[PDB]
Amino acid sequence: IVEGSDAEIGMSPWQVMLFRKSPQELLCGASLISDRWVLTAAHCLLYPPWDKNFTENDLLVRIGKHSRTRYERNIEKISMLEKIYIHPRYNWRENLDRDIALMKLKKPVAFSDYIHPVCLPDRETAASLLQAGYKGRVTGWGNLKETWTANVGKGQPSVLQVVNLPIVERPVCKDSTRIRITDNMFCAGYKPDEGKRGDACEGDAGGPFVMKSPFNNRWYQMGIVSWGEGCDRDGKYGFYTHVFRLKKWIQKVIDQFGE
Amino acid sequence: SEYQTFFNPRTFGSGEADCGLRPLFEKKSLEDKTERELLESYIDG
Ligand SMILES: *[C@H]1O[C@H](CO)[C@@H](O)[C@H](O)[C@H]1NC(C)=O
Ligand code: NA
């Protein structure tokens with residue numbers, strides 16, 4: 001997260017860390033939607049060109065964390081994966097359309113003050129909140145900037161970062177880049193003349209873009225950090241996977257492999 | 001909090017009923033430092 005701030009304790013209890021077992025390293029973010037289901041981006045699990053073609057056994061997820069590196073005793077929980085599910089139409093060879101995946105935990109995680117699931121949007125919440133100008137929130141342990149000098153500079157955050165960002169009109173998203181944009185994507189960020197700024201960056205993919213419903217006071221995950229051109233660039237915006245538009249796939253995978 | 005159940009706990013697991021309500025904030029009627037920023041942007045017409 002670029003130009004964001006440290007998150008408050010328990011501010012994003014559905015936050016999940018996707019870890020590679022060997023070598024041990026932080027790969028992406030993800031989000032808790034139940035005691036056994038975790039949502040993330042497809043390219044975090046499968047993108048052969050960038051050394052990514054994982055199986056359930058190559059990964060681990062850490063839940064309830066705040067510090068990026070410090071082991072938080074009796075607070076964070078580690079879960080192994082039973083099965084990984086990637087959207088059937090996701091095709092890394094062509095583009096990042098349908099950038100979504102589900103991970104089933106071997107065993108249910110126990111909830112606490114620091115671990116709690118986020119809600120998925122229904123159609124009315126989606127129609128009501130997915131409007132240009134409306135602000136959402138993005139969180140993650142991704143990089144703080146595009147580049148830095150190793151060891152002397154600092155590009156990795158010490159604790160979970162957060163940033164509130166406004167949804168941008170589709171015509172504006174489309175004219176900001178030559179990359180083909182689909183309806184399964186939406187963009188957000190401040191406009192160059194706004195003065196304010198912020199964006200997600202490398203390592204934040206799979207993380208959630210959430211909004212708080214003024215109707216029932218609940219937090220809903222409207223998007224998944226997917227891609228961008230550089231990080232926090234004037235005239236460029238971050239792109240997110242449109243969760244509601246792919247909710248039917250989520251449903252299908254669940255009452256078909258949930259047990 | 002009128003929330004409409006969408007999943008089947010048999011396959012989804014527990015958690016949907018109380019989703020999106022944070023133990024350290026909504027559950028204790030406390031607001032985090034910047035959520036007002038979000039809520040104030042949801043105007044409409
Ligand atoms: C992942 O493995 C290779 C790259 O390591 C990739 O080309 C392929 O699509 C995936 N599965 C395999 C092993 O063929
Ligand atoms: Na920008």
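All values below were derived from every heavy atom in this structure, side-chain atoms included, with hydrogens, water molecules and symmetry-related copies excluded. Protein chains get the first letters and strands the later ones, always in sequence-line order, with residue 1 at the start of each. Both ligands and their constituent atoms are indexed starting at 1 by order of listing.
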**Message:** Can you tell me if A:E56 has over 12 outside heavy atoms packed within less than 6.0 Å of its CD?
**Reply:** yes

**Prompt:** What closest approach, in Å, do A:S128 and A:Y134 show between heavy atoms, and which atom pair accounts for it?
**Reply:** O-CE2, 3.3 Å

**Prompt:** Which pair of heavy atoms, one from A:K154 and one from A:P157, lies closest together, and at what distance?
**Reply:** NZ-C, 4.2 Å

**Message:** Show the nearest heavy-atom pair for residues A:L45 and A:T40, with the distance to one decimal.
**Reply:** CD1-CG2, 4.1 Å

**Complete:** side-chain hydrogen bond (donor to acceptor under 3.5 Å, both in side chains) pairs touching residues 248-259 of chain A, sequence neighbours excluded, are none

**Asked** Taking 4.0 angstrom as the limit, do B:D32 and A:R137 come out as a salt bridge?
**Response** yes

**Item:** Nearby protein N/O/S atoms (those under 3.0 Å) for the Na ion (ligand 2), with water ignored
**Value:** A:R233 O, A:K236 O

Could you pull out every donor-acceptor pair under 3.5 Å between side chains of residues 176-189 of chain A and any protein atom, sequence neighbours left out?
from	atom 1	to	atom 2	distance (Å)
A:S176	OG	A:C173	O	2.6
A:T177	OG1	A:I179	N	3.0
A:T177	OG1	A:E229	OE1	3.2
A:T177	OG1	A:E229	OE2	2.7
A:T182	OG1	A:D97	OD1	2.7
A:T182	OG1	A:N184	N	3.2
A:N184	ND2	A:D97	OD1	2.9

**Item:** Ion pair B:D18/B:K27, N-O distance below 4.0 Å
**Value:** yes

For ligand 1, find each of its N or O atoms that sits under 3.5 Å from a protein N or O atom, and tabulate the pairs with distances to one decimal place.
from	atom 1	to	atom 2	distance (Å)
ligand 1	2 (O)	A:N53	ND2	2.4
ligand 1	11 (N)	A:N53	ND2	2.9

**Asked** Think A:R20 forms a cation-pi with A:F54, using NZ or CZ under 6.0 Å from the six-ring centre and within 45 degrees of its axis?
**Response** no

